[PDB]
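Asks: Mind having a look at this structure? Questions to follow.
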Amino acid sequence: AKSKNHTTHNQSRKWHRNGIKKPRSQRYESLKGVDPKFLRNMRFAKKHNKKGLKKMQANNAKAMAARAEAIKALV
Amino acid sequence: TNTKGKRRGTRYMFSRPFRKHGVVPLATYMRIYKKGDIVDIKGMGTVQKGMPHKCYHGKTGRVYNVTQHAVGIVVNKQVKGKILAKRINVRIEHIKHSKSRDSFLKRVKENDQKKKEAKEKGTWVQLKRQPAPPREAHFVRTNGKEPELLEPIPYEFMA
Amino acid sequence: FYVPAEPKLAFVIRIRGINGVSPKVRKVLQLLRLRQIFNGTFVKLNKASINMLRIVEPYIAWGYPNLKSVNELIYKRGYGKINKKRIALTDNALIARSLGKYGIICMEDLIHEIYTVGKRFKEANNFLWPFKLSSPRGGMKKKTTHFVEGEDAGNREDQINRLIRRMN
Amino acid sequence: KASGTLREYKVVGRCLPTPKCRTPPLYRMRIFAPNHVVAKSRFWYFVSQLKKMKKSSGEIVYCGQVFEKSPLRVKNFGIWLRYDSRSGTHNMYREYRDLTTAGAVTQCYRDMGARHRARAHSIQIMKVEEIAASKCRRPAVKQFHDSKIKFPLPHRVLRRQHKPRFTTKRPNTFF
Amino acid sequence: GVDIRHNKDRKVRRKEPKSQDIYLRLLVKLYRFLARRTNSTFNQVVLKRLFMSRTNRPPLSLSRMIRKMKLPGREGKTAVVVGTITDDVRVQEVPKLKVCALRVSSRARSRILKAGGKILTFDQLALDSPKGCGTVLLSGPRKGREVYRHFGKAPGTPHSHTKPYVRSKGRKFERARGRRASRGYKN
RNA sequence: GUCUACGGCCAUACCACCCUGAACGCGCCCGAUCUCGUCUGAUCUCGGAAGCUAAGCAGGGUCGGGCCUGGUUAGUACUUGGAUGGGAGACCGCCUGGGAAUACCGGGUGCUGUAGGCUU
RNA sequence: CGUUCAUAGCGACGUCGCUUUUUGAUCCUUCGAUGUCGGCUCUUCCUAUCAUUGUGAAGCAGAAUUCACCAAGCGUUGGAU
RNA sequence: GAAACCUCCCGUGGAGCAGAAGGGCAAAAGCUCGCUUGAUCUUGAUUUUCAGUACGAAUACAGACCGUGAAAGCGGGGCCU
RNA sequence: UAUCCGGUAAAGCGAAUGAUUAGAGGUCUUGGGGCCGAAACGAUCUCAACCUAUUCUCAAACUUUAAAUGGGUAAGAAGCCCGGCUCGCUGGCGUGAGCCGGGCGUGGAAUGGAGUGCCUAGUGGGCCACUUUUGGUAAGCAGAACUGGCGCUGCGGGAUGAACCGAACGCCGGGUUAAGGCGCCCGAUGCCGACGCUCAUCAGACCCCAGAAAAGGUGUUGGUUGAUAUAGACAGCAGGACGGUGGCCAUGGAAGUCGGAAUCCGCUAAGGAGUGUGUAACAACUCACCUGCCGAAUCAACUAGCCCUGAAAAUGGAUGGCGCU
RNA sequence: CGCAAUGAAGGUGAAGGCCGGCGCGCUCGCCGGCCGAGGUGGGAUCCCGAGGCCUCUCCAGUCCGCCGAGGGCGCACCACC
Ligand SMILES: [Mg+2]
Ligand SMILES: [Mg+2]
Ligand SMILES: [Mg+2]
Ligand SMILES: [Mg+2]
Ligand SMILES: [Mg+2]
Ligand SMILES: [Mg+2]
Ligand SMILES: [Mg+2]
Ligand SMILES: [Mg+2]
Ligand SMILES: [Mg+2]
Ligand SMILES: [Mg+2]
Ligand SMILES: [Mg+2]
Ligand SMILES: [Mg+2]
Ligand SMILES: [Mg+2]
Ligand SMILES: [Mg+2]
Ligand SMILES: [Mg+2]
Ligand SMILES: [Mg+2]
Ligand SMILES: [Mg+2]
Ligand SMILES: [Mg+2]
Ligand SMILES: [Mg+2]
């Protein structure tokens with residue numbers, strides 16, 4: 001009593017009932033499996049972003065004032 | 001039932017082409033992949049360290065990691081019913097920049113040129129592409145000489 | 001010689017049924033909205049579109065409709081897609097309500113958009129629900145073989161208009 | 001190809017121009033077919049064989065029906081063939097006697113089906129040339145070349161066998 | 001013969017609430033009407049939520065309702081919750097709020113009213129604002145239920161953190177072959 | 001025009017034999033005290049500068065081989081899709097689109113980056 | 001080969017078939033059972049004709065004969081192991 | 001002496017690289033020397049079989065402590081299967 | 001529309017690997033056997049392997065080439081373009097990454113509402129067809145690929161029928177079709193249907209399909225190629241068929257004649273050093289070139305249509321039946 | 001049962017920020033004040049709203065809408081840090 005041994009006959013059909021969906025792409029994928037030495041350093045960089053805040057805020061206010069002067073000169 | 005061995009059936013795939021054996025010429029090594037570079041994988045026989053598996057040869061995907069002398073590269077591999085985006089660590093020698101994306105960037109650059117200009121002019125320009133339309137109305141001058149008649153030729157047995 | 005323009009637009013009739021049909025064909029046939037047998041659609045031609053018709057050749061009869069064909073199809077069997085309900089174009093208040101944002105405000109405008117293949121063709125053509133035509137009066141020649149070789153399938157260019165009259 | 005009664009068509013076409021070949025040469029044919037649709041197809045088949053030239057690579061310039069210029073003359077037509085047997089492919093020279101080329105080629109297609117069970121798609125017509133009383137090689141044609149032709153219609157079998165399906169009179173076939 | 005799959009032709013969303021209780025069903029009669037006759041989509045959202053299950057309308061804690069109204073700008077408003085308002089013993093100072101709820105627990109009721117808070121029923125909200133104008137529509141955390149900790153990529157499937165259904169935790173209930181490296185392997 | 005040093009692409013750059021090379025280079029070349037290394041100062045290392053383009057090297061040449069690139073081969077071989085087409089089968093023809101490979105015959109025979117010479 | 005002569009009768013090396021009275025393949029049917037060899041007895045069919053009727057062939061003088069055709073009407077026995 | 005050792009020329013690998021075969025390999029991945037223990041200690045990630053579980057086998061890193069080389073580097077076993 | 005991947009079909013072997021035919025050329029090597037040589041790369045052949053151009057024919061586990069069908073990516077707001085901050089990484093300065101803050105909108109065709117999570121049954125014997133395909137002489141055999149069937153499924157056609165073709169079913173009226181048909185059975189040709197072919201003492205008569213081949217036939221019908229003939233042929237009857245010559249090899253006899261190398265001249269009008277018969281061997285007979293008569297076409301070799309031979313099974317029998325020219 | 005885990009166990013056990021000061025601001029240690037469950041992207045929904053759009057006249061002009069370009073708070077939920 002020998003069987004059928006293997007096949008792939010009805011399988012494509014079976015797969016395509018429910019699509020063959022592409023793998024759901026997000027923005028902001030994880031940093032799992034990224035070269036450790038990198039990840040330390042981007043972690044440290046992220047740690048000290050709040051250091052150098054007061055400088056950054058002022059720079060944007062100076063930029064915003066320069067934009068407001070430019071738009072007044074245009075109008 | 002076939003053997004599950006890693007390199008089964010790559011007699012031809014991983015085999016340097018005709019009269020291109022020997023030293024892996026150096027541009028190959030010394031060109032830079034960043035994150036998110038579109039990259040097509042193509043295994044190579046000379047370099048056996050960091051070889052991709054025979055399933056990812058031909059396949060294109062994006063770079064996610066870059067180590068000292070290899071590049072982590074997300075590629076989509078189908079499995080019966082489900083496409084699995086998965087991340088593989090190929091050594092540079094088995095990898096090129098895929099040009100597929102550059103022709104796109106060329107077009108967007110050309111669009112940004114054609115958007116900046118034609119704004120002060122006022123005349124809006126076709127930025128979208130369009131498929132090859134039917135080939136328009138036109139005259140054909142049979143200049144002096146008439147058409148050439150083509151009789152089909154009588155059969156004969158050559159061999 | 002005056003080689004006139006290659007045609008812009010073609011009517012495409014599904015001339016065989018819905019059993020035992022390959023998956024690539026079947027998909028294209030439901031990208032032309034040709035689900036039932038003897039449904040038809042207008043179709044603007046171009047390298048992309050024409051090749052999609054090439055992949056469904058022995059499943060369709062098609063070609064280049066007359067002016068009269070576009071009228072007869074639209075007036076006798078012109079049905080809007082209006083909130084996804086196939087609704088018969090009994091008045092222009094229907095066409096306008098839907099296509100009036102394109103300058104198309106009446107049956108006549110619609111016919112001109114379909115026949116000249118205007119800017120707004122995609123939107124006027126999709127608005128039209130696919131044409132449920134009857135069986136071909138006087139019969140066909142042969143369903144299964146190409147026009148060129150005696151049958152009905154494939155591109156018959158001018159002669160799609162005869163078929164239209166015997167089905168519409 | 002199939003049939004009905006054919007029409008001579010003139011079909012001229014060209015491999016469409018390029019940068020390298022700016023004004024390409026026109027090629028004309030004599031393509032017998034039931035309609036222009038299959039005419040043009042038939043044009044492309046013959047050209048493909050002869051010239052590196054496909055329907056994609058070319059444009060048909062002028063397809064046009066061609067009318068017999070002497071319909072109400074009776075003519076003799078020589079026609080050269082190229083058929084396919086069950087076995088090998090062959091050549092012939094048939095001769096027909098007709099009022100037209102179209103009629104004479106149509107006549108051929110029926111004969112070939114009869115005499116050689118050859119179907120349309122197997123047959124290639126190369127040349128069809130009208131011909132004198134002489135230069136007629138077939139005696140089936142030659143017997144009608146005669147001034148005072150004279151024959152009866154001897155055993156004139158009836159049709160209208162079902163106007164009177166039943167009747168008293170046994171029929172008549174002498175006239 | 002036509003080719004469509006009739007497979008997902010029937011949408012499975014609820015229409016009415018599955019409950020038979022009469023007071024909720026009156027709210028439904030009211031909000032059906034408002035839903036259909038107002039342009040407010042607030043009414044539609046509220047209406048939709050009246051049909052949902054207990055599970056599906058989780059309790060909104062007082063502290064969660066505080067902090068969501070603490071947010072900048074939604075001040076002098078009314079918070080709405082188709083679920084219930086519960087207490088937080090781990091919050092102390094309760095601002096004076098405006099609230100709608102199908103239920104508010106007896107503690108949560110006291111605390112709010114002691115603050116000078118107003119509590120509203122949903123019939124009252126409609127008369128107060130039939131188009132949902134000036135409302136904060138909140139919800140309880142849907143994925144609070146301990147249930148969800150068993151859902152997902154199964155336990156013993158690498159990089160899953162999915163609670164297994166186990167009779168009792170302890171030294172010798174699971175945590176052998178397939179969690180330790182020492183014992184076979186680990187995921 | 002051209003070279004040297006480090007090159008990229010790796011024969012349009014290879015091989016064979018033949019001819020010609022101003023100047024600067026590059027070489028061959030002359031030595032072994034020292035450095036270094038050999039059975040051997042041949043190679044390797046080192047100190048030179050009397051000779052010479054003989055050779056390497058460059059540039060050219062050959063109805064040259066080779067390679068590169070077109071034609072032809074051929075709409076041929078093959079081939080996607082089609083038919084209640086043929087044929088006893090083997091196989092073949094048509095429709096619908098796609099379409100090669102030798103032999104054979106042409107043409108070509110390194111391009112170029114950085115840094116520094118020479119022809120002032 | 002047949003003295004001689006490819007073909008009266010034969011027929012190598014090759015080749016194309018039919019047949020299911022051989023044996024294999026195969027396992028479709030039957031395992032809530034289709035009684036498993038031979039002989040006896042009896043009927044009927046087939047022809048791929050041994051005899052018998054009518055005929056063509058011969059390397060048919062006669063006699064004896066093999067080769068072929070129409071053809072299955074009628075036959076095809078008694079014993080020893 | 002067809003074969004010992006030496007020497008000149010040609011030699012795209014037609015040899016060799018433990019083993020089957022396939023791939024790969026020439027101022028090497030072959031042979032011959034010199035020095036060696038990266039076949040050591042330790043986290044995770046990934047690939048391959050895959051259910052996308054294990055085992056084995058492998059890939060890229062990262063942290064130690066070394067080796068070797070003028071150095072750039074290479075090396076956590078065996079060119080790869 | 002761009003862009004990568006490929007080593008199957010084909011093709012190739014005067015390109016590698018392996019196979020393999022033939023002659024040219026070559027003392028390459030050298031031989032083993034010869035013949036003429038004492039012996040001699042001397043002369044002459046020869047066969048061995050090797051080589052110089054060529055040449056015949058091949059490959060699932062060969063290949064320089066190399067398709068069709070095929071598999072990735074990409075075709076924008078998660079995108080571009082500016083400004084500035086963070087780093088223990090990297091570093092002559094710079095990288096590279098991560099952060100803030102602004103500035104810009106449809107970016108190929110066609111279609112369609114999407115996403116997402118929980119519980120979950122049955123199933124885990126399959127089979128059939130196109131095409132591809134391995135084992136086997138083959139199988140209604142066994143085994144894969146690809147799609148579509150049947151299984152789960154009725155209906156029109158295929159007489160009959162899982163699976164062929166057409167088409168997929170709520171319950172009904174009118175219309176129209178498909179695939180199939182239209183002598184009668186049986187709805188429709190009871191058309192003045194069109195043109196041919198074919199007579200069978202075994203006719204033939206429609207996918208799957210239920211049946212025949214090699215090889216034959218002046219049966220009849222078409223082709224193809226060559227002839228021929230007024231220097232009046234072609235058949236049909238009538239007249240000669242020789243000599244140089246027992247030609248030479250072969251004697252066992254071949255003066256034309258078991259066989260074979262030859263194989264020309266004369267007379268010529270013309271006869272082969274002979275088609276056969278037959279002879280021990282001759283003889284004798286028989287088989288061109290030309291006339292006489294008769295009076296226009298004649299004849300050969302292929303080829304493909306129908307028909308026929310090839311063609312034998314057991315209850316009486318099946319183009320479905322009746323029948324049909 | 002639930003409101004706390006994690007470790008084999010001895011056991012341990014879910015806060016952070018900011019500001020000012022004092023220790024050398026040493027991306028470490030100690031003393032005063034303020035906020036108090038972080039942030040990115042998307043998010044039904046609310047909120048603000050330039051501006052229309054008319055009114056039987058030319059303007060003034062509060063009331064009512066309808067839409068609303070643009071801009072905000074952002075539930076749940078998801079992905080990331
Ligand atoms: Mg099984
Ligand atoms: Mg079919
Ligand atoms: Mg259903
Ligand atoms: Mg020296
Ligand atoms: Mg020199
Ligand atoms: Mg020289
Ligand atoms: Mg050359
Ligand atoms: Mg004999
Ligand atoms: Mg049996
Ligand atoms: Mg019984
Ligand atoms: Mg018999
Ligand atoms: Mg080694
Ligand atoms: Mg290390
Ligand atoms: Mg292969
Ligand atoms: Mg092949
Ligand atoms: Mg079972
Ligand atoms: Mg079986
Ligand atoms: Mg079953
Ligand atoms: Mg079907």
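Please note that chains go A, B, ... in the order of the structure tokens, that every chain numbers its residues from 1, and that ligands are numbered from 1 in the order shown.
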Give me every strand (DSSP E or B) residue in segment 47-95 of chain C, going by DSSP on the backbone, as a PDB file with N, CA and C atoms, in the first residue's frame.
Replies:
ATOM      1  N   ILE C  60     -11.720  37.436 -25.493  1.00  0.00           N
ATOM      2  CA  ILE C  60     -12.462  38.619 -25.902  1.00  0.00           C
ATOM      3  C   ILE C  60     -12.516  38.831 -27.397  1.00  0.00           C
ATOM      4  N   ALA C  61     -13.558  39.546 -27.796  1.00  0.00           N
ATOM      5  CA  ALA C  61     -13.696  40.118 -29.113  1.00  0.00           C
ATOM      6  C   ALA C  61     -13.615  41.587 -28.855  1.00  0.00           C
ATOM      7  N   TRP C  62     -12.875  42.302 -29.688  1.00  0.00           N
ATOM      8  CA  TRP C  62     -12.732  43.733 -29.493  1.00  0.00           C
ATOM      9  C   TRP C  62     -12.292  44.466 -30.747  1.00  0.00           C
ATOM     10  N   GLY C  63     -12.380  45.788 -30.679  1.00  0.00           N
ATOM     11  CA  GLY C  63     -11.924  46.643 -31.760  1.00  0.00           C
ATOM     12  C   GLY C  63     -12.438  48.055 -31.648  1.00  0.00           C
ATOM     13  N   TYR C  79     -25.580  53.009 -18.074  1.00  0.00           N
ATOM     14  CA  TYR C  79     -25.866  52.924 -16.648  1.00  0.00           C
ATOM     15  C   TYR C  79     -24.726  53.505 -15.827  1.00  0.00           C
ATOM     16  N   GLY C  80     -25.063  54.457 -14.959  1.00  0.00           N
ATOM     17  CA  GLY C  80     -24.092  55.090 -14.081  1.00  0.00           C
ATOM     18  C   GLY C  80     -23.683  54.189 -12.936  1.00  0.00           C
ATOM     19  N   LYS C  81     -22.527  54.491 -12.355  1.00  0.00           N
ATOM     20  CA  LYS C  81     -22.125  53.941 -11.078  1.00  0.00           C
ATOM     21  C   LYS C  81     -22.250  55.104 -10.106  1.00  0.00           C
ATOM     22  N   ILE C  82     -23.283  55.035  -9.272  1.00  0.00           N
ATOM     23  CA  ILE C  82     -23.721  56.163  -8.463  1.00  0.00           C
ATOM     24  C   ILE C  82     -23.945  55.673  -7.039  1.00  0.00           C
ATOM     25  N   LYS C  85     -24.254  51.832  -6.884  1.00  0.00           N
ATOM     26  CA  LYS C  85     -25.481  51.224  -7.333  1.00  0.00           C
ATOM     27  C   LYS C  85     -25.590  51.491  -8.824  1.00  0.00           C
ATOM     28  N   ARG C  86     -25.494  50.428  -9.612  1.00  0.00           N
ATOM     29  CA  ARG C  86     -25.818  50.491 -11.021  1.00  0.00           C
ATOM     30  C   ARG C  86     -27.181  51.152 -11.158  1.00  0.00           C
ATOM     31  N   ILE C  87     -27.190  52.329 -11.783  1.00  0.00           N
ATOM     32  CA  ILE C  87     -28.389  53.143 -11.977  1.00  0.00           C
ATOM     33  C   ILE C  87     -28.421  53.654 -13.423  1.00  0.00           C
ATOM     34  N   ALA C  88     -29.578  53.519 -14.069  1.00  0.00           N
ATOM     35  CA  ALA C  88     -29.740  53.883 -15.483  1.00  0.00           C
ATOM     36  C   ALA C  88     -29.753  55.392 -15.666  1.00  0.00           C
TER      37      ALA C  88
END
Asks: Residues at most 9 Å from residue 48 of chain H, counting only C-alpha atoms (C1' of nucleotides), excluding those fewer than 3 positions away in the same chain, as a PyMOL selection string?
Replies: (chain B and resi 4-6+53) or (chain H and resi 57-58)
Asks: Select, as an MDAnalysis selection string, those residues of chain F with any atom no more than 9 Å from chain B (distances computed using only C-alpha atoms (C1' of nucleotides)).
Replies: chainID F and resid 8:10
Asks: If we count only C-alpha atoms, which residues of chain C reach to within 9 Å of chain B? Please list them as a PyMOL selection string.
Replies: chain C and resi 1-8+45-49
Asks: Show me which residues line ligand 19, defined as having an atom within 9 Å of a ligand atom where only C-alpha atoms (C1' of nucleotides) and all ligand atoms count, and present them as a list in words.
Replies: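 So, counting only C-alpha atoms (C1' of nucleotides) and all ligand atoms, the residues near ligand 19 are residues 17, 18, 19, 20 and 21 of chain C; 164, 165, 166 and 167 of chain I.
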Asks: Within 10 Å of residue 103 of chain B, counting only C-alpha atoms (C1' of nucleotides), which residues show up once you throw out same-chain ones fewer than 2 positions away? Write them as a list in words, please.
Replies: residues 99, 100, 101, 105, 106, 107, 108 and 109 of chain B; 2, 3, 74 and 75 of chain I
Asks: Kindly save the residues from that selection, with N, CA, C and O atoms (P, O5', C5', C4', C3', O3' and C1' of nucleotides) included, as a PDB file, in the first residue's frame.
Replies:
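For reference, again.pdb as written:
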ATOM      1  N   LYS B  99      20.780  49.979  -9.758  1.00  0.00           N
ATOM      2  CA  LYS B  99      20.447  51.201 -10.497  1.00  0.00           C
ATOM      3  C   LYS B  99      18.948  51.489 -10.572  1.00  0.00           C
ATOM      4  O   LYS B  99      18.562  52.636 -10.792  1.00  0.00           O
ATOM      5  N   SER B 100      18.119  50.456 -10.413  1.00  0.00           N
ATOM      6  CA  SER B 100      16.652  50.569 -10.450  1.00  0.00           C
ATOM      7  C   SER B 100      16.070  51.851  -9.859  1.00  0.00           C
ATOM      8  O   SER B 100      15.107  52.405 -10.396  1.00  0.00           O
ATOM      9  N   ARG B 101      16.650  52.293  -8.746  1.00  0.00           N
ATOM     10  CA  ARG B 101      16.220  53.504  -8.047  1.00  0.00           C
ATOM     11  C   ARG B 101      16.727  54.816  -8.665  1.00  0.00           C
ATOM     12  O   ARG B 101      16.068  55.845  -8.544  1.00  0.00           O
ATOM     13  N   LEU B 105      15.279  58.727  -9.288  1.00  0.00           N
ATOM     14  CA  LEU B 105      15.829  59.956  -8.720  1.00  0.00           C
ATOM     15  C   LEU B 105      16.157  60.983  -9.806  1.00  0.00           C
ATOM     16  O   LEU B 105      15.925  62.180  -9.616  1.00  0.00           O
ATOM     17  N   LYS B 106      16.686  60.511 -10.932  1.00  0.00           N
ATOM     18  CA  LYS B 106      16.891  61.358 -12.116  1.00  0.00           C
ATOM     19  C   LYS B 106      15.612  62.061 -12.558  1.00  0.00           C
ATOM     20  O   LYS B 106      15.629  63.251 -12.875  1.00  0.00           O
ATOM     21  N   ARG B 107      14.516  61.310 -12.582  1.00  0.00           N
ATOM     22  CA  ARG B 107      13.220  61.839 -12.980  1.00  0.00           C
ATOM     23  C   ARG B 107      12.682  62.859 -11.979  1.00  0.00           C
ATOM     24  O   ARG B 107      12.131  63.875 -12.393  1.00  0.00           O
ATOM     25  N   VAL B 108      12.845  62.598 -10.683  1.00  0.00           N
ATOM     26  CA  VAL B 108      12.377  63.544  -9.661  1.00  0.00           C
ATOM     27  C   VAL B 108      13.216  64.818  -9.690  1.00  0.00           C
ATOM     28  O   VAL B 108      12.678  65.914  -9.534  1.00  0.00           O
ATOM     29  N   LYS B 109      14.522  64.678  -9.894  1.00  0.00           N
ATOM     30  CA  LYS B 109      15.382  65.840 -10.069  1.00  0.00           C
ATOM     31  C   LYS B 109      14.920  66.669 -11.273  1.00  0.00           C
ATOM     32  O   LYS B 109      14.757  67.885 -11.161  1.00  0.00           O
TER      33      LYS B 109
ATOM     34  P     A I   2      12.323  51.985 -21.373  1.00  0.00           P
ATOM     35  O5'   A I   2      13.008  52.366 -19.989  1.00  0.00           O
ATOM     36  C5'   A I   2      13.906  51.450 -19.354  1.00  0.00           C
ATOM     37  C4'   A I   2      14.396  52.016 -18.049  1.00  0.00           C
ATOM     38  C3'   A I   2      15.421  51.139 -17.343  1.00  0.00           C
ATOM     39  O3'   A I   2      16.697  51.499 -17.849  1.00  0.00           O
ATOM     40  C1'   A I   2      13.646  51.592 -15.867  1.00  0.00           C
ATOM     41  P     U I   3      17.678  50.372 -18.384  1.00  0.00           P
ATOM     42  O5'   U I   3      18.018  49.566 -17.058  1.00  0.00           O
ATOM     43  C5'   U I   3      18.501  50.282 -15.908  1.00  0.00           C
ATOM     44  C4'   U I   3      18.425  49.421 -14.674  1.00  0.00           C
ATOM     45  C3'   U I   3      18.948  48.011 -14.830  1.00  0.00           C
ATOM     46  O3'   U I   3      20.364  48.099 -14.910  1.00  0.00           O
ATOM     47  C1'   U I   3      16.928  47.956 -13.630  1.00  0.00           C
ATOM     48  P     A I  74      10.572  48.189  -3.974  1.00  0.00           P
ATOM     49  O5'   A I  74      10.813  49.416  -4.951  1.00  0.00           O
ATOM     50  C5'   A I  74      12.052  50.141  -4.896  1.00  0.00           C
ATOM     51  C4'   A I  74      12.150  51.046  -6.086  1.00  0.00           C
ATOM     52  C3'   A I  74      10.862  51.780  -6.434  1.00  0.00           C
ATOM     53  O3'   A I  74      10.755  52.909  -5.582  1.00  0.00           O
ATOM     54  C1'   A I  74      11.794  50.835  -8.385  1.00  0.00           C
ATOM     55  P     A I  75       9.325  53.408  -5.097  1.00  0.00           P
ATOM     56  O5'   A I  75       8.706  54.034  -6.423  1.00  0.00           O
ATOM     57  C5'   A I  75       9.381  55.104  -7.107  1.00  0.00           C
ATOM     58  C4'   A I  75       8.691  55.424  -8.408  1.00  0.00           C
ATOM     59  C3'   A I  75       7.168  55.433  -8.392  1.00  0.00           C
ATOM     60  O3'   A I  75       6.649  56.648  -7.859  1.00  0.00           O
ATOM     61  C1'   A I  75       7.938  54.291 -10.310  1.00  0.00           C
TER      62        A I  75
END
Asks: Tell me the residues of chain E close to chain A, meaning within 12 Å using only C-alpha atoms, as a PyMOL selection string.
Replies: chain E and resi 5+7-8+159
Asks: With N, CA, C and O atoms retained, could you export that selection as a PDB file, in the first residue's frame?
Replies:
ATOM      1  N   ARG E   5     -15.949  36.645  -5.673  1.00  0.00           N
ATOM      2  CA  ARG E   5     -15.989  35.837  -4.464  1.00  0.00           C
ATOM      3  C   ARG E   5     -17.038  36.424  -3.539  1.00  0.00           C
ATOM      4  O   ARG E   5     -17.040  37.623  -3.264  1.00  0.00           O
ATOM      5  N   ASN E   7     -17.172  35.870  -0.535  1.00  0.00           N
ATOM      6  CA  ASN E   7     -16.497  35.336   0.617  1.00  0.00           C
ATOM      7  C   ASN E   7     -16.561  36.340   1.747  1.00  0.00           C
ATOM      8  O   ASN E   7     -16.837  35.985   2.893  1.00  0.00           O
ATOM      9  N   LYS E   8     -16.307  37.599   1.400  1.00  0.00           N
ATOM     10  CA  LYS E   8     -16.331  38.697   2.348  1.00  0.00           C
ATOM     11  C   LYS E   8     -17.337  39.758   1.896  1.00  0.00           C
ATOM     12  O   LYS E   8     -17.088  40.962   1.997  1.00  0.00           O
ATOM     13  N   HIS E 159      11.912  35.251  20.289  1.00  0.00           N
ATOM     14  CA  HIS E 159      11.514  36.669  20.430  1.00  0.00           C
ATOM     15  C   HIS E 159      10.020  36.888  20.659  1.00  0.00           C
ATOM     16  O   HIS E 159       9.489  37.934  20.290  1.00  0.00           O
TER      17      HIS E 159
END
Asks: Hey, what's within 10 Å of segment 48-52 of chain B if we count only C-alpha atoms (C1' of nucleotides) and toss same-chain stuff fewer than 4 positions away? As a PyMOL selection string, please?
Replies: (chain B and resi 6+14+41-44+56-57+69-71+88-95) or (chain H and resi 24+47+58-60+79-80)
Asks: Restricting the calculation to only C-alpha atoms (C1' of nucleotides): of F:95, F:104, F:42, F:111, which residue gets closest to chain C?
Replies: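 Of F:95, F:104, F:42, F:111, the one nearest chain C is F:95, counting only C-alpha atoms (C1' of nucleotides).
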Asks: Would you mind listing, for every residue of chain C within 8 Å of chain D, the two atoms forming the shortest contact and the distance between them in Å to one decimal, using only C-alpha atoms, sorted by chain and ascending residue number, as a tab-separated table?
Replies:
residue	atom	partner	partner_atom	distance
C:1	CA	D:61	CA	6.8
C:2	CA	D:61	CA	7.4
C:3	CA	D:61	CA	5.5
C:147	CA	D:38	CA	7.8
C:148	CA	D:38	CA	4.8
C:149	CA	D:1	CA	4.6
C:150	CA	D:2	CA	5.6
C:156	CA	D:37	CA	6.3
C:157	CA	D:37	CA	7.1
C:158	CA	D:37	CA	8.0
Asks: Which polymer residues have any atom within 12 Å of an atom of residue 41 of chain H, counting only C-alpha atoms (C1' of nucleotides), with same-chain residues fewer than 5 positions away left out, as a list in words?
Replies: residues 63, 64, 65, 66 and 76 of chain H
Asks: Could you name the residues that touch segment 74-82 of chain F at 7 Å or less, counting only C-alpha atoms (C1' of nucleotides), but leaving out those on the same chain fewer than 3 positions away, as a ChimeraX atom specification?
Replies: /C:58,145 /D:48-49,52 /F:96 /I:9-10,68-69
Asks: As a quick test: using only C-alpha atoms (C1' of nucleotides) and all ligand atoms, which residues lie no more than 10 Å away from ligand 5? Give them as an NGL selection string.
Replies: :F and (21 or 27-28 or 52-58)
Asks: Would you mind reading off the distance between atom CA of residue 72 of chain E and atom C1' of residue 37 of chain J, one decimal, in Å?
Replies: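 The value is 16.6 Å.
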Asks: C:97, C:119, C:54, C:132: which is nearest chain E, counting only C-alpha atoms?
Replies: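 So, comparing all the options, the nearest one is C:132.
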Asks: Would you compute the distance between atom 1 (Mg, counted along the ligand's line) of ligand 18 and atom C1' of residue 210 of chain I? Give it in Å to one decimal.
Replies: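 Distance between the two atoms: 29.0 Å.
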Asks: For ligand 8, collect every residue having any atom at a distance of at most 8 Å from a ligand atom (counting only C-alpha atoms (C1' of nucleotides) and all ligand atoms); output as a list in words.
Replies: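 Written in the requested form, the residues are residues 1, 2 and 5 of chain G.
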Asks: Skipping near chain neighbours, those fewer than 5 positions away, what residues fall within 12 Å of residue 63 of chain A using only C-alpha atoms (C1' of nucleotides), listed as a VMD selection string?
Replies: (chain A and resid 56 to 58 68 to 70) or (chain I and resid 82 to 84 101 to 102)
